[PDB]
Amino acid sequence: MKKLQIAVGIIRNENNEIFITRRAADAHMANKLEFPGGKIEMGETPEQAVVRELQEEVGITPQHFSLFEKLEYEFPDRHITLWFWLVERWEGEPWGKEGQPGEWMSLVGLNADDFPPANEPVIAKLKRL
């Protein structure tokens, strides 16, 4: 079974909205809503990975961010460790830089069923803010 370290950014604006993208139909966790992010590469740290991933996926540079949650989840065919970074300050304006759908979503309106099941406790904890 594949093992992966994944860094993702919870991008929260001043209006308690989160920038959420939707995964491609032919990807793992196809069509799911997601926090932008991706695999931590060899030779880079989790903090460096979330910066690089958000630059690649949505065109922002996170700064002064914090680790909101770290958890592990066993999917049917892979084991992933997810690093959820809370990103409240950044340079740039997030957009669908890789052609993917992206939009701002109110925190209170998030439905954990729309996300990969690994995100369940994080979406709950975000609504506790």
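Each residue number is its position in the shown sequence, starting from 1.
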Of 49 to 57 and 76 to 84, the stretch with the higher mean C-alpha B-factor in the deposited entry is 76 to 84
Decide which of the stretches 60 to 68 and 32 to 40 has the higher mean C-alpha B-factor, going by the entry. 60 to 68
By the CA temperature factor listed in this entry, which of these ranks top: 10, 112, 25, 105? 25
If you rank the chain by CA B-factor, which third does residue 92 end up in: lowest, middle or highest? highest
